[PDB]
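Protein chains in written order, with the authors' numbering: chain J, 3 to 39; chain L, 15 to 145; chain I, 4 to 33; chain E, 1 to 62; chain A, 14 to 752; chain D, 78 to 216; chain F, 26 to 186; chain C, 2 to 81.
Every residue gets a Cβ at the ideal spot worked out from N, C-alpha and C, and that includes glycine.
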Amino acid sequence: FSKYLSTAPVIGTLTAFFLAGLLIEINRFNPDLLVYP
Amino acid sequence: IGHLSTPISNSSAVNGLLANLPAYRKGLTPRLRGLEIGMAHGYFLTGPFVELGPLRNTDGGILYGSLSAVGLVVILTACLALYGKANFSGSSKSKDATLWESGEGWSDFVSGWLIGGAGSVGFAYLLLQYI
Amino acid sequence: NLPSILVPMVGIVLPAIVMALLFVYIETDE
Amino acid sequence: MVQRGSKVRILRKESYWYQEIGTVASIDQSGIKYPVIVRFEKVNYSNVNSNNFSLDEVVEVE
Amino acid sequence: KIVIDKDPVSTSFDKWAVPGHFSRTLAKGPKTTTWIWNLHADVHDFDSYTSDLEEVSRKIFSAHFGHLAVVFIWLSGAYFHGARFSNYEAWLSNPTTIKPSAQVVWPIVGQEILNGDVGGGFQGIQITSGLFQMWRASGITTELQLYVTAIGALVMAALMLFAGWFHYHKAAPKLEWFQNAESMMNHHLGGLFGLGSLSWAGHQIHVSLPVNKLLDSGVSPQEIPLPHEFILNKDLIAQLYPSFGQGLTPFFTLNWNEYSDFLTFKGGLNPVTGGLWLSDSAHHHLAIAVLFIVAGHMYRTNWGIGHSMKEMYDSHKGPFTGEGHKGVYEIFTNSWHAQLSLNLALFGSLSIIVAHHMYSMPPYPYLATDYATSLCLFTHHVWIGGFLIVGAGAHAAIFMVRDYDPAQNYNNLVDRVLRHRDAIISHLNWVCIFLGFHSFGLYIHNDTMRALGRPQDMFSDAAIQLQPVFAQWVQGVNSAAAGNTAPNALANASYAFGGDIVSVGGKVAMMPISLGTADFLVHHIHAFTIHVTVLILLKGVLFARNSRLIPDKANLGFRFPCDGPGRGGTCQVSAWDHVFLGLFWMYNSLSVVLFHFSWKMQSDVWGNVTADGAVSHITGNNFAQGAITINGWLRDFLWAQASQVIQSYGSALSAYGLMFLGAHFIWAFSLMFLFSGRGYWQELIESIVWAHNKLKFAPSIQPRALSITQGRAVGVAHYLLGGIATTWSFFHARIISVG
Amino acid sequence: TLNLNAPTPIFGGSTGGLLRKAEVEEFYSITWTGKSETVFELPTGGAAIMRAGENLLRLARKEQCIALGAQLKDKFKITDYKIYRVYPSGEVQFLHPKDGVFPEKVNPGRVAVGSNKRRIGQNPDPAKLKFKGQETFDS
Amino acid sequence: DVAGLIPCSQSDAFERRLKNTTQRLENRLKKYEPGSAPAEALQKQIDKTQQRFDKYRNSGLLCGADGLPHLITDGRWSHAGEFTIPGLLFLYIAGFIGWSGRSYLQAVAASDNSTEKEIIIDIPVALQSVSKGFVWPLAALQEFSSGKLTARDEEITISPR
Amino acid sequence: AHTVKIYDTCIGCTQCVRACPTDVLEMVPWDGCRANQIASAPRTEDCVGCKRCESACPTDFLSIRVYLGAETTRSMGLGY
Ligand code: CLA
Ligand code: CLA
Ligand code: CLA
Ligand SMILES: CC1=C(/C=C/C(C)=C/C=C/C(C)=C/C=C/C=C(C)/C=C/C=C(C)/C=C/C2=C(C)CCCC2(C)C)C(C)(C)CCC1
Ligand SMILES: CC1=C(/C=C/C(C)=C/C=C/C(C)=C\C=C\C=C(C)\C=C\C=C(C)\C=C\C2=C(C)CCCC2(C)C)C(C)(C)CCC1
Ligand SMILES: CC1=C(C/C=C(\C)CCC[C@H](C)CCC[C@H](C)CCCC(C)C)C(=O)c2ccccc2C1=O
Ligand code: SF4
Ligand code: SF4
C-alpha cells in the first residue's frame, strides 16, 4: 500500500492537497496580501 | 437473391397504379405523357398560392396566385430542359430505351409539360375566380 | 421606376440564365 | 566497422531516431542492403524499437 | 440453484502497485504517454481483456455493490448536511417564506458572501434539490432523525462495500447463477419493487400521514408527537382519520371501505401545501405493491408453474416477420451490453417521465410554490435521462460489434432489421428534413415576416394559426374524467389539462397550461430534434458491423477513428463516433426542451395571485407572441432572463455568475479539440520535446498527442460540461431571484 | 471461369445490395465451396446459409468480396474463394488469386510493379521537378 | 504620483469604498438577532474589511479615479513590493520545482526501467532531487559553466530539412 | 487511381500485403539476393487509399507509400 502511494495520481493529489491547503491556511491568518510591505 | 421479399412487395394493387400512370404507360408518346403530367401538376400547384400568399384578401388573391403557379411551370419547363441537355448528351442510349432512359423524344415532353401545365393552371383559375 | 424592372432581372431572371449556362457547361463532354 | 552491441548514432534524416543514440542488435553477414539492426530505448509512433540501417547511416560513438 | 466458488481472488495489494495489471498489453509498462490515457479508458470494460463470461459477470456484480456504496455515501452527506448545516427546523415552521438552504461556506477570502440571507436566523447556500420537501413528506421533523439516517446510510455504504469484496474475492457466483433471468425477474418484481412499495406505504400510513395532517392543521413542528408514538398510543392515531380503532380486522375480513379516510382517491393537490395528498400516495404505493408482488409470481422457477421467457419468444412470430423473437432470449442471457442498452433506454426514458409527472403533479408539500426547486428538478432528470438514452444507443452498438452472432440470429427480428436498415435510415432521413423544414422554418418564416413588417403573414394566434387540436382534445378528455370515467376521483389527474388555480400563500402551485400555435411550434421542434438523435444513434447501431463503405467495420472494432483518407475519406465511420455525434444532438434536443419549460412556466403558469383571484405571472404571458420567432427566443428569453446571472456579482448569487462565465470558457475550450486534429499537436510537441532535450531532461515516457478518438472525447466532454453548466447557472440564478 | 449460373445461397433479403451500378458497369462475384450448411454474415446485412455447392454471390465492390473472403478463411477455414469481375458490362475476369497463389505468399514469375530504387528521404525536391512531366515519387 | 495617481490614504474615492461596504453589511446585520451566530459572522466580516482597507492605506498603494489600488511595474524601488519582490519570490519556488524534476529525470533515466519510475516515485530519489532543487541558482551556474546543462544540436532528434 | 510505391527498405514481412482490403499488393521475388521478398503494387486501379498497408509496415518510416491521386468509382469506394 505504501508502494501504491508512490504512484503518480495519489502522490500527485495529496501534494496538490498539501499545496492547496498551505495557501488556504496562509490566506486565513494573513488576508488580503496584494504587495510585499 | 438481391432484392428483399416483403409480403407487401410485388403487390398488384400497388404495381397496377405504376403501369397505368403517364410515366410508365405503354401506349403514350412523349408529347402525350408530358401533357398528362403537366395537367395534373399544374392543377394543384395553384392550390397553395391563392390561399397562402403575400396578398390573400385582395381583388386579386386568385389572379396573382394563379400567376405564380404558371411561374413555377415555366421555371420547371427550364429545369426539364436543363435536365434534358445534361442527361441526354446526344441522347445517350442504354439497355431499355424508354423515354427516361434514352431521351429520343424529350423535346416533346418539355413542350407538353408547358401546355398542360400552364393550361391547367389557367383552367383552375376559371374554377376559383368563376364557376 | 427602373429599380422595379431591374432588381427582378438580376435577382431572378439573370441568375436563372447563368445557372442554366453553367449547368450545361459542367455536364458536357467530348 | 560496427560490431554487434556497439553504440551508434543514426545519420538517416528521415528516421525517428535521427541524431540519437542506439545500440546494435545484430549485423547480417550477407550482402543484403541495410543489414545493421539497431535497437533503441525510445519508441517511435508505431511503437517499434528496431530498424534496419546501412553502415553509412551509423557511426561509432563509444 | 445456487453454486458459489470459494476464494477465487486473493485480497492483496500486489496488483495495486501495478497499473494496468489486468491486460497483456497494459502490464508491460508505458513506452509513450498514450498508455496513461489507454489505462483509464478500458478499466471498466471487463469484456475486452477477460474472455471468460463467468469472470466478466462477477466483475460486473461486485462493481454494482461498489456503486451502491458511493450512492449511500452521497445519501449520507445529503442527510448530514441537512442535519448540521441547514435551516430545516425553522423551515418546517414557515415553508413558504424561508428558503430551503444547506451547505454553510467557510469564512475565507470572500466566498462567505455566498452564505446569503436565506431565512430566519440562518446563512447558507439556498439549495434547489428538493430535500426539504422530501423529508417533510417522509415525516422528518427534527435533525436527530436526519442524523441517524446519515449514520444509517454510512453503514449501508459499508455493507455494500463489504458485499462487493465478499462476492468477488471470497464467495463468487458461477455463470449459471447470473443467467437465471426468470428467478431474477421474479425477485425484483416481488421483493425489490413490490415490498419496496409495500413497506414504504407502511411508512406513509404510520409515519408520514400522522405528522402531515398535524402540519396542515399547523400546531407546531415541536408540538407534533413523535412517529413511534403513533404506534404505541392507539388513541392518538384514532384522533386523526379514525379508522385505526378497528385495526387490521377490516383488512382481513375484506371490508376495505373502512380505510376510506387514509387510503383515499382524492386525486389532486392539497389546498394548504400544494402537493399531492399523502393519503392518495399511501393508497397509490399499496396498489403498486400488489401489482408488483403478483408480477413476481409470473415467471417459472424450479417449482413447475409459471411462464418461461424463452417459450414466450418462440410462438410470438408472424407472417410479416419470419422467425419472430426466436433467439432473443439467447441474446439477452449472454450479452451484457444488449442488457445494458435496453436497461439504459428505459431508465433514461423513465427519468424524463419522472420530470414530466412531477411539475404537473407535485408530489411533495410546498414543492410547487418553490419555483427555485421544481424547475431544477425538471431540468435535472431530463438531462440525466437523456444521457442514458445516448448510452442505450452506445451499448446497443457494442452488442453488434462483439456480441452479435450470425448463426444464432438467422431470419429472426435482429436479422430482419439488419436486412432493411437502408429502408429505416432513409425514411428516418426524410422525416428529419421534413420536420426540420416544417418546424424550424416556421420560425425563419416568422423572423422574416416580423422583420419585413408583415405580422399578418406569419404563424401565430393573430395570424395563420397552427392550432394543437390533437393535444387540446387530450386536454379535454383528461380534464373531464373526474366523475365520468374515473368516477371515484374527487378531482382530475392534475390541474395542467384543466381546472381551477391552486394558490398556496400568494403564488400559483398549479394552473391550466393552455396550448396554442406557439406550443405547436416547439413541440414539433422537440419531435424533430429527437428524431435526429434517433437517426445518428440507430445509424451507428445498424451499421456497426458493416456498410457499403466499410464491409469489415466489425473487424476494426466498436471504437476506432477512421479507415484512412481513402474512399474519399472515412473519418467518423465507427459506432463510437455516432455516439459522439449523438451527444451534441442530445444536447441540442434537451436544451430546447428546458428552454420550452423555463419560459412556458414563467409566462403562462407561474406567478403571483392577488386577494381577488387575479393572476400576475412572472414574465407576463409573452410566450404566445414571443416564442414564435428566433428573435423573441433571443430577446425575451435568453437576453432578458439572463439579467440576474450577470448582475449577480456582489451578492450570494455570485458563484452562479462565476459558473456562467466559467462554463462559457470550457465550452469554447472544447472546440480546440473538436475543430482540430492530432497531427498538428504531435509536431507542435516535437518542438517542445526538443527544448526539453536541449536542456537534457526529456522524460522516458515519450510525450504524445491525444488520439483522434480521445480528442473527440475530450472535446465532447468539455462541450457538455461547458454547455450544461451554462444552463445550470442561468436557470439557478434566475428562479432563485424571481421565484 | 465464373461458372455462371451457380446457386445463390438461401438468403432472401438485403436492401443494401447490388443496385443500378451493377447493370451499367462493373459488378463483382465471389465463388467458393462451403463444406457445411452454416450461417455466415454478408457485407450487406448478416445471414444467408452456405450451400454445399458451388456457392456464388454477386456483390457491389471488390472491397466487399475480399471482406467476405477474409471471413470464409477466418471463421470457416475455406480458403478456396474465387472472386471475379463480369463480362460485357464488366471488365476483367479472375481478379484473385491473380497468379493462383495467395498474395501474401511469394511466387516466382511475378514482376515488381510500382517499385522505387531508393528511400523516401532520397526523393527529390518538388522545386527540382517543377514545370515538368516527371513526378516527385516516380522513378 | 507617477501616473496621476494620488496615494490611497489621500484618495477620497477609496474612503467611499469603505463607506458603502460596511453600510451594505450593517444593513445586512439589521435584520438578525444581536447575539446570534449570523450576527458574529457579519461582524467578523465587517472587521475583515477594516483590516483590508487600513492595510492598503499604510502600504503606500496608488489609487486612481475609481478608488482601487494600482501596481506600478517599471520596477522602481519605491514600488518594489508590487512585482519586483514577489517576482524574486516566485522564481526561486518555480526554479525549485524545475530543477528537482529535471534532476529527477536524469537520475531515473540511467537505470534499468526508467519508464516505471515516472509512474512510481522513488521517495529516496525524489528527496535527493529536492535537496538539489534548493540550490538551483548555484547548481545551474556550474552546470552551465561545465557544459552539461545543454546538448549540442547534433545529439538532439531533429526533423528532415 | 491512387499511386502506391514500394521503396527499397522493405524487409519482406508481408504485413502490408495482408492488410490491404482490396488485394492491391503481393510479394514478388527480389533479385538483389534471390532470397528475400519485396512488396509490389500490380493492381493500383483497385486501391481505395485506406492506407491500411502503411499502418502495418514495421520499418521506421514506411517502405510502401500511398500518394492519393485522381479519384474514380473504384477509388471512391462506391457501391453506386
Ligand atoms: C479493501 C480491500 C481490498 C483489496 C486489498 C483488494 C484488492 C484487489 N481487488 Mg478487490 N474489491 C474490494 C476490496 C479489495 N480489493 C471491494 C471493496 C470491492 C467492491 C468494489 C472489490 C471488487 C473487485 C473487483 C470487481 C475486482 C477487484 C480486483 C482486485 C485486485 C486488483 C485491483 C487493483 O489493483 O486496483 C486498485 C483500484 C483502486 C485503488 C481504485 C479503487 C476504486 C474505488 C473502489 C472506487 C473509486 C470511485 C471514487 C468515487 C472515485 C471517483 C472520482 C472521485 C473524484 C469522486 C486486487 C487484488 C480485480 C481483480 O481481482 O482482477 C483479477 C477486479 O476485477 N476487486
Ligand atoms: C444520475 C444521478 C442522479 C442524482 C444525483 C439524482 C438526484 C436526485 N433525485 Mg433523481 N433519479 C435519477 C437520477 C439522479 N437523481 C434517475 C435516472 C431516475 C429515474 C429512475 C431518478 C428518479 C427520481 C425520483 C422518482 C425522485 C428523484 C429525486 C432526486 C432528488 C432527491 C434525492 C433523493 O434521495 O431522493 C430519493 C428518491 C425518492 C424519494 C423517490 C424514489 C421513487 C422511485 C420511483 C423509486 C424507483 C427505484 C427503482 C429501482 C428505479 C426504477 C427501475 C425501473 C426502470 C425498472 C435528487 C435531486 C426525488 C425528488 O424529486 O426530490 C424532491 C424523487 O422523488 N429521482
Ligand atoms: C445551427 C447550425 C446547424 C444547422 C442549421 C444544421 C442543420 C442540419 N443538420 Mg447539423 N449539426 C450541427 C449544426 C447544425 N446543423 C453541429 C454543430 C453538428 C456537430 C455535432 C451537427 C451534426 C449533425 C449530424 C450528425 C446530423 C445533422 C443533420 C442536420 C440536418 C437535419 C435535417 C433538417 O432539418 O433539414 C432541413 C434544413 C434546415 C431546417 C436548415 C434551415 C433551412 C431553412 C429553414 C430553409 C432555407 C431557406 C432558403 C431556401 C435557403 C437558401 C436561399 C438561397 C439558395 C437563395 C440539417 C441540415 C442530420 C441530417 O443530415 O439528417 C438528414 C444529421 O444526421 N447535423
Ligand atoms: C387523398 C388521397 C389520394 C388523392 C390525392 C391525389 C392523387 C389527388 C390529385 C389529383 C389531381 C392532381 C388532379 C388532377 C386534375 C387535373 C385536371 C382537372 C386538369 C384539367 C386541365 C384542363 C381541363 C386544361 C385544359 C387546357 C389545356 C391543356 C391547354 C389548352 C386550354 C385548356 C386550359 C382548356 C390518393 C388517391 C393518392 C390516395 C388516397 C388519399
Ligand atoms: C527586471 C525587471 C523587468 C524586466 C525584465 C526583463 C527585460 C527580462 C528579460 C529576460 C530575458 C530576455 C531572459 C532571457 C533568457 C534566455 C535564456 C536563454 C534562458 C534560459 C533559461 C534556462 C536554460 C532555464 C533553465 C532552468 C532553470 C534555471 C531552473 C528550472 C529548470 C530550467 C531547466 C527551466 C520588468 C520591466 C518586467 C519589471 C521590473 C523588473
Ligand atoms: C490541444 C490538443 C492536444 C494536446 C493536448 C494534450 C497532449 C493534453 C495534455 C494536457 C495535460 C493537462 C497534460 C498533463 C500533464 C501532467 C499529468 C500534469 C500533472 C500535474 C500534477 C501536479 C497533477 C491533442 O493532443 C489533440 C489530439 C486530437 C485532437 C485535438 C487535440 C487538441 O486539441
Ligand atoms: S513494405 Fe512494409 S509491410 Fe510491406 S514487406 Fe516491406 S516492410 Fe513489410
Ligand atoms: S492504400 Fe489501402 S487498398 Fe491501397 S494498397 Fe494500401 S492498404 Fe491496400
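Do residue i and ligand 8 come close, with the Cβ less than 7 Å from some heavy atom?
i: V29 (chain C); result: no
i: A42 (chain C); result: yes
i: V49 (chain C); result: yes
Rank the options by C-alpha distance to the C-alpha of residue i and give the top, closest one.
i: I748 (chain A); options: A:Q657, A:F673 and A:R71; result: A:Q657
i: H201 (chain A); options: A:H310, A:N315 and A:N128; result: A:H310
i: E40 (chain F); options: F:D26, F:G29, F:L93 and F:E141; result: F:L93
i: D416 (chain A); options: A:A557, A:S25, A:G33 and A:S661; result: A:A557
i: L222 (chain A); options: A:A163, A:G203, A:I153 and A:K187; result: A:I153
i: residue 150 (chain L); options: L:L86, L:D73 and L:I89; result: The requested residue 150 (chain L) does not occur in the structure, where chain L is confined to residues 15 to 145.
i: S166 (chain D); options: D:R97, D:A147 and D:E131; result: D:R97
i: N283 (chain A); options: A:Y342, A:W598 and A:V521; result: A:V521
Any chance the CB of residue i is under 7 Å from a heavy atom of ligand 6?
i: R572 (chain A); result: no
i: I13 (chain J); result: no
Excluding the five sequence neighbours on either side, which residues of its own chain have a C-beta within less than 6 Å of the C-beta of residue i, listed in chain order?
i: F85 (chain A); result: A166, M169 and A170
i: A25 (chain E); result: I37 and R39
i: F510 (chain A); result: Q488, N491 and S492
At a threshold of 7 Å, does residue i count as lining ligand 3 (C-beta to nearest heavy atom)?
i: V545 (chain A); result: yes
i: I237 (chain A); result: no
i: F453 (chain A); result: yes
Leaving out the 5 sequence neighbours to the left and right, which residues in its chain are closer than 7 Å to residue i when beta-carbon positions are compared?
i: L96 (chain F); result: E107 and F108
i: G133 (chain A); result: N100, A103 and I111
If you drop the 5 nearest sequence neighbours on each side, which residues of the same chain put their C-beta closer than 8 Å to that of residue i?
i: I27 (chain E); result: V2, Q3, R4, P35, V36 and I37
i: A90 (chain F); result: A38
i: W148 (chain A); result: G95, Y101 and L159
Please determine whether the Cβ atom of residue i lies at a distance below 7 Å from any heavy atom of ligand 7.
i: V25 (chain C); result: no
Between the segment 562-580 of chain A and chain C, which residues of the former have a C-beta closer than 7 Å to a C-beta of the latter? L562, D565, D576, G577, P578, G579 and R580
Against chain E: residues of the segment 703-727 of chain A by CB proximity under 7 Å: If the cut-off is 7 Å between Cβ atoms, the segment 703-727 of chain A has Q715 near chain E.
For the segment 84-103 of chain D, which residues have a beta carbon sitting closer than 9 Å to at least one beta carbon of chain L? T85, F88, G89, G90, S91, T92, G94, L95, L96, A99, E100 and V101
Which residues, taken in chain order from the segment 27-56 of chain A, show a beta carbon closer than 7 Å to some beta carbon of chain E? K44 and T45
The segment 115-128 of chain A: positions lying closer than 8 Å to chain J by Cβ: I121 and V122
For the segment 33-47 of chain L, list every residue whose C-beta sits within 8 Å of some C-beta in chain A, in sequence order. none
Please list the residues of the segment 104-134 of chain D that have a C-beta atom closer than 7 Å to any C-beta atom in chain A, keeping them in chain order. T115, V116, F117, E118, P120, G122, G123 and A124
Mind listing which residues have their beta carbon within less than 6 Å of any non-hydrogen atom of ligand 7? Chain order is fine. C:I7, C:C11, C:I12, C:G13, C:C14, C:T15, C:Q16, C:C17, C:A40, C:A57, C:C58, C:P59, C:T60, C:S64 and C:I65
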